[PDB]
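Working notes, structure below.
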2 protein chains.
Amino acid sequence: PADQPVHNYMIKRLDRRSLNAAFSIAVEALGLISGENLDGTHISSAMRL
Amino acid sequence: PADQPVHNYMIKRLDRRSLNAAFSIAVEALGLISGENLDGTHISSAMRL
């Protein structure tokens with residue numbers, strides 16, 4: 001006896017991943033970039049840069 | 001010689017062969033196909049397609 005055509009159904013699922021990357025800031029840069037330690041001193045501008 | 005064996009016409013006879021296939025269809029299909037188990041709702045006119 002012959003064979004009827006066959007049909008197939010299949011589901012598949014994802015996988016979960018991430019990518020981590022740390023990035024730090026010193027205690028003094030937090031002052032300089034913020035804007036508290038800057039004042040009318042040409043040195044402070046250089047350190048800000 | 002003037003005899004019988006002058007045959008140079010061996011015979012070739014046909015043989016019959018065939019092919020088959022199976023094409024089953026479900027019971028709920030032809031119901032909608034022939035419009036027998038059908039109603040005016042948008043749903044039954046979608047399953048028919």
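Starting from 1 in every chain, residues are counted up; chains themselves are A, B, ... following the order of the structure tokens, and ligands are numbered from 1 as listed.
Identical in sequence, chain A and chain B superpose with a Cα RMSD of 3.4 Å when all alpha carbons are matched in order.
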Review point. Any idea which chain B residues end up within 8 Å of chain A if we count only C-alpha atoms, as a PyMOL selection string please?
Key: chain B and resi 20-24
Practice item. List every residue of chain B that DSSP, applied to the backbone, labels as helix (DSSP H, G or I), and write the result as a list in words. Key: residues 27, 28, 29, 30, 31, 32, 33, 44, 45, 46 and 47 of chain B
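By only C-alpha atoms, and with residues fewer than 6 positions from residue 37 (chain B) along its chain excluded, the set lying at most 9 Å from it is residues 28, 31 and 44 of chain B.
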Would you kindly return, as an mmCIF file with N, CA and C atoms, in the first residue's frame, each protein, DNA or RNA residue with an atom no farther than 12 Å from any atom of residue 45 (chain B), considering only C-alpha atoms and excluding same-chain residues fewer than 5 positions away?
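Writing the result to around.cif gives the following:
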```
data_model
loop_
_atom_site.group_PDB
_atom_site.id
_atom_site.type_symbol
_atom_site.label_atom_id
_atom_site.label_comp_id
_atom_site.auth_asym_id
_atom_site.auth_seq_id
_atom_site.Cartn_x
_atom_site.Cartn_y
_atom_site.Cartn_z
ATOM 1 N N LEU B 32 -16.467 21.572 5.341
ATOM 2 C CA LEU B 32 -16.357 22.984 4.998
ATOM 3 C C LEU B 32 -16.214 23.186 3.497
ATOM 4 N N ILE B 33 -15.556 22.248 2.810
ATOM 5 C CA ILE B 33 -15.328 22.385 1.371
ATOM 6 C C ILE B 33 -16.654 22.412 0.623
ATOM 7 N N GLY B 35 -19.380 23.125 1.865
ATOM 8 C CA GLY B 35 -20.263 24.078 2.505
ATOM 9 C C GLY B 35 -21.373 23.465 3.324
ATOM 10 N N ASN B 37 -21.239 21.822 6.587
ATOM 11 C CA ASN B 37 -21.158 22.242 7.987
ATOM 12 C C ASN B 37 -20.577 23.655 8.088
ATOM 13 N N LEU B 38 -21.298 24.603 7.496
ATOM 14 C CA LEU B 38 -20.835 25.975 7.394
ATOM 15 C C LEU B 38 -21.944 26.934 7.808
ATOM 16 N N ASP B 39 -21.538 28.061 8.390
ATOM 17 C CA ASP B 39 -22.454 29.128 8.767
ATOM 18 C C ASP B 39 -21.824 30.464 8.389
ATOM 19 N N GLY B 40 -22.629 31.523 8.449
ATOM 20 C CA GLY B 40 -22.243 32.819 7.915
ATOM 21 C C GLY B 40 -21.194 33.581 8.697
#
```
